[PDB]
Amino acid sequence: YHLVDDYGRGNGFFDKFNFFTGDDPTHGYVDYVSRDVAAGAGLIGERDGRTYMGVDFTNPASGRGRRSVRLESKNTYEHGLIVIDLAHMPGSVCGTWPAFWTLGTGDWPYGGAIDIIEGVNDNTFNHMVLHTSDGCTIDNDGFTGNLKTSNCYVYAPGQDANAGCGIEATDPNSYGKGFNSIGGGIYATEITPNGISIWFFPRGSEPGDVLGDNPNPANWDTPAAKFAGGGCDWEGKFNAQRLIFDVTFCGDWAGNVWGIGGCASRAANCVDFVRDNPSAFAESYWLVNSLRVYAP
């Protein structure tokens, strides 16, 4: 592997993304704002050399929903290794649905999609998921996490629509609250014609070459998640991926599971909570040490 893109920081980092401002594809109670409005609302910036991307935790929400940003990289990658070092990620906040992921080019779901860091509400464990067209299932080995769903197809029979094929990390510090309390860590994601692997290195435990000029995944510990096997054409189900950061609220996932988990008591429904409790979302932010993409 060799470096192909060091995303830098602050404005140089933001220049590498298009800010999505359309209504949320996942129907959340979110108001994705432009870069200028986000900077004016303090949702994006630089914090001591780190890149910050958060949500409005000040104002009662109105309009489409609570203000946030969704950045989609201008560049795409066919195959490669995406390494992100985060000092902080959106917390395990009720009503939230943060995600750092990649989305293939072309019509959904034919380009495939990879959820590297994702969860909802008060989740504890990171949930790594793939989303593809039909004809793509994964094996049970080569990873430390626990497989929850094996079919990556958006309409896998018996699975909720777009639940995808997901593996749940075993470390309670792999997401939200726990992750932030340890000062974050590093998530490395490798995309090859034979599958996808995602490693989670909690702060301090990362390999010595993960942030360097030639990271070599082959020598790293077992990944937290691995998507591979003959039940999928890894090369054909995934085309060029673009990197995406977002934090939405309620919507298709978080809003539909709100009333069953531990957040149900905070409010009648997800929307009312997100609308009337701005201060709840102070922890819903990404704080990037670095984002580097490599190619074979």
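So that there is no doubt, residue numbering starts at 1 and follows the sequence shown.
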With respect to the recorded C-alpha B factors, which stretch has the higher mean value, 35-43 or 227-235?
227-235
Entry-level comparison of average CA B-factors, 102-110 and 86-94, reporting the higher stretch:
102-110
Which has the highest CA B-factor per the PDB entry: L211, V120, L71, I116?
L211
Given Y29, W258, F57, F245, the residue at which the Cα B factor reaches its maximum
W258
Ordered by C-alpha B-factor within the chain, which third holds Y1? Give me lowest, middle or highest, please.
highest
In terms of the chain's CA B-factor thirds, is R67 lowest, middle or highest?
lowest
Please place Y175 in the lowest, middle or highest third of its chain according to the CA B-factor in the PDB entry.
middle
Could you look up the Cα B-factor of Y187 in the entry and say which third of the chain it sits in: lowest, middle or highest?
lowest
Based on the entry's values, in what third of the chain does the Cα temperature factor of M53 lie: lowest, middle or highest?
lowest
